[PDB]
Amino acid sequence: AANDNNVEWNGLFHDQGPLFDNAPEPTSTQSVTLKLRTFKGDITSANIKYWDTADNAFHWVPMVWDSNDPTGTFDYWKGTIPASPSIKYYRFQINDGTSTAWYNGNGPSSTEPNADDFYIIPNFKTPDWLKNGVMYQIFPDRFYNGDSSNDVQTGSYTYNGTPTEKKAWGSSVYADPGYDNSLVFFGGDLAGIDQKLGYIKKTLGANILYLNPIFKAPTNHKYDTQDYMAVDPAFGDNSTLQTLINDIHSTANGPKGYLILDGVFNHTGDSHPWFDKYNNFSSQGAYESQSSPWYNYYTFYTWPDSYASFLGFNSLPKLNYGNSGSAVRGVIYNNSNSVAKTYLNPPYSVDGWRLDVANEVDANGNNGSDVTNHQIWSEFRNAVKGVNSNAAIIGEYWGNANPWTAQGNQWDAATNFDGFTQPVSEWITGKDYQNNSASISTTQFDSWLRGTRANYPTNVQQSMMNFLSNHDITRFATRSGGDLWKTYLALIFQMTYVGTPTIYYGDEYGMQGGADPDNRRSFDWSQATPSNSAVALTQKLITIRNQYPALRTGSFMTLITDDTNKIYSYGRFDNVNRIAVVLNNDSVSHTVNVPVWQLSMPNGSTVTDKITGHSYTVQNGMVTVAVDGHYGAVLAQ
Ligand SMILES: [Ca+2]
Ligand SMILES: [Ca+2]
Ligand SMILES: [Ca+2]
């Protein structure tokens, strides 16, 4: 490069990883020093342009040359945004004589962008264990039956007229005639999770457990809460939960573990005593009496039979959050004995909440995504973080969750349907996550990923819950048509991408399943061994991620987007390590010249492919690696 009236886009880089930003989670008193990479000698001037929410105006910080990289290929220019409490957004203007380029969260642009600026959110922290962890999601009825004495039997009880049905382990999940899919039980429980912690924490190596709902409720899914303050008897009692938590937290059985519970706060079940539609309690619920102590916890259009409910399901009456200081806000999060605080305080001390349909939570029967919804989650954050600043808050939302994350006042992160599950599904399987036809190329995949990362502050990106499948979509292995190699590829991407890798129980061995309820099959402990190739790969990949901070909190740089050969390569890198991931999404093998010079891997240095164990030497800026179809290499130094 030279001063030639031309900014060379391929040399440009910035993100908020360690090489480029000295304070990615600054306080009010920490200034933010930013570095912008260019090719050596490429430019004449560069400027940081930042919007300051303190004065609703743009501010200009000229950059200065700072240094070269060790290979002598690049310059770094630097400038500092001053310390203050205010949220700020920034982009770069980059000039080489008569050539100008702009650069922000969406990368380079010839014209000045008006969206996707980088974020500075003073005093906003997401928990570092969440950024650095690997999560395992368990739907508790279907994982392991550690105690047969608590099992729901066929006809143990009835709910809204229908008796319960028990199934043998391994059998089909669908309800036989006279029964209901929501009242089918296999007997999985908290004792079972506890007894299989070795598998989770050592055989795989995941350090975060996320459970679907575990509180008293009549269904197998337990989103229709009857008692938030009791573990459902089928799963155990509150002492069983305490034991499970102690064993998760223990460092004597593997790494220190964390537990995230499913917080179902938009609605209760119709059998909750506050509502009590079937008269299961001597108290008078809102359905039973307009003088009920809890009458104003719900919203009636025509009392008693027409009320606000989740997706119009009469079994899920919607909670009325009212105004600040309301009794409902009290019982859910403000009170010390609230649902949220009870489990965060001793003697439970759980590590976070996954917020079910969190966008819907509101007052007056409204459907959220509004001022009141956001106010509620701001209060919720204060409540949660006041008890435990390292308790995680992850909201369920299927789109761009910017409105609940990018002011640093609400969630730490969200369920990454839009930025992970969907684009991974369409790239690898040619299906959307509901198993309908929707395919994207590699260039499209890369673009989709970048634009969705740019929706979020960096700490939030790093804390996103990144799952291949979950309890509300079709299984990845069904979308893949049973091709185990498509799972291998998906796992390698998952374990080296930005955000918390989250394994939906059984995805690590290739479990199949269509729509709900078929995405909740029981777990096979024989198929759950290193003899299954996907399980062995998962263990290896978790070990790799845990070895390299660059994979969890490093920069992300696209290296190759090859639509001909279906090769995607990207780098993860920080001050210590440089890692080039090379993915082959074709059905045939390809030999790839990986441009590791882009990560400043020096000529003559070596990398190891952590997938196979083979070593390679860097020559003329390149590493040449052969990659099987639907597979990948993780070239680390
Ligand atoms: Ca130039
Ligand atoms: Ca059981
Ligand atoms: Ca009653």
Side-chain angles (χ1 to χ4, degrees), residues 10-27 30-40 46 48 63-81 83 90 92 103 105 107 118-120 125-133 453 457-463 495-501 543-559 569-582 594-610 616-618 621 623 634-637:
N10 292 167
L12 300 182
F13 190 76
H14 176 84
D15 72 3
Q16 305 188 316
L19 283 161
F20 304 98
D21 185 333
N22 75 332
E25 292 178 295
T27 68
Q30 292 181 119
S31 67
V32 179
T33 296
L34 301 174
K35 293 179 182 186
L36 171 72
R37 193 194 73 173
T38 75
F39 280 128
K40 187 172 182 305
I48 300 158
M63 304 185 82
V64 302
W65 181 90
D66 176 70
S67 58
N68 301 121
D69 80 301
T71 76
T73 301
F74 300 110
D75 286 335
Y76 299 109
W77 287 69
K78 68 174 170 178
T80 299
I81 292 177
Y90 71 82
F92 303 90
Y103 195 103
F118 289 108
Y119 290 87
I120 295 166
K125 181 69 189 182
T126 70
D128 286 335
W129 62 263
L130 183 60
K131 296 184 182 78
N132 285 292
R453 289 196 310 279
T458 301
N459 58 173
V460 170
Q461 292 174 31
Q462 294 162 342
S463 307
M495 296 292 168
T496 61
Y497 192 54
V498 178
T500 312
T543 296
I544 293 156
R545 193 176 182 88
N546 285 137
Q547 185 173 356
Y548 298 108
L551 292 175
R552 295 114 54 180
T553 61
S555 293
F556 180 100
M557 183 195 293
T558 300
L559 293 175
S569 184
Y570 51 88
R572 307 304 316 284
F573 61 110
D574 62 18
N575 300 132
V576 180
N577 299 107
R578 292 153 296 280
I579 306 165
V581 180
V582 185
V594 183
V596 300
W597 65 266
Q598 278 281 12
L599 310 185
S600 300
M601 295 202 199
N603 288 160
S605 71
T606 67
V607 295
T608 306
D609 178 2
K610 309 299 286 154
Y616 302 89
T617 306
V618 179
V623 169
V634 177
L635 305 166
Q637 61 175 29

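Position 1 is the first residue of the sequence; numbering continues from there.
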Indicate the ring-plane relationship of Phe39 and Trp597, choosing parallel, tilted or perpendicular according to the 30° and 60° boundaries.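 It falls in the parallel class, under 30°.
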
Between the main-chain N or O of [Y] and the side-chain N or O of [X], is there a donor-acceptor pair closer than 3.5 Å?
X      : Y      : result
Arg545 : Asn132 : no
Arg572 : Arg552 : no
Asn577 : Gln637 : yes

Counterpart residues, salt bridge (charged side-chain N to carboxylate O under 4.0 Å, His left out), relative to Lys125 (two or more places apart): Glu25, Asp128

Testing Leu635, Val596, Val594, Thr606 for side chain to side chain contact (heavy atoms under 4.5 Å, CB included) with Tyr616, which one passes?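 Answer to the side chain to side chain contact (heavy atoms under 4.5 Å, CB included) test with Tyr616 among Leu635, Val596, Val594, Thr606: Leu635.
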
Indicate yes or no: at least one non-hydrogen side-chain atom of [X] is less than 4.5 angstrom from one of [Y].
X      : Y      : answer
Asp574 : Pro549 : yes
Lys78  : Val64  : yes
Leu559 : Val582 : no

Any luck finding a side-chain donor-acceptor pair between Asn459 and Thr126 under 3.5 Å?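 No.
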
Those residues that, when tested against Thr458, pass side chain to side chain contact (heavy atoms under 4.5 Å, CB included) (two or more places apart): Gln16, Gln461, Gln462

Hey, mind stepping through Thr496 and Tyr570 against side chain to side chain donor-acceptor pair (under 3.5 Å) and telling me if it holds? CA-CA 10 Å; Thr496 61; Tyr570 51 88; 2.7 Å; yes

Not counting sequence neighbours, which residues clear ring pair (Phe, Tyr, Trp, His ring centres under 6.0 Å) with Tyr103? List them please.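 So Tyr103 forms no ring pair (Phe, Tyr, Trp, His ring centres under 6.0 Å) with any residue.
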
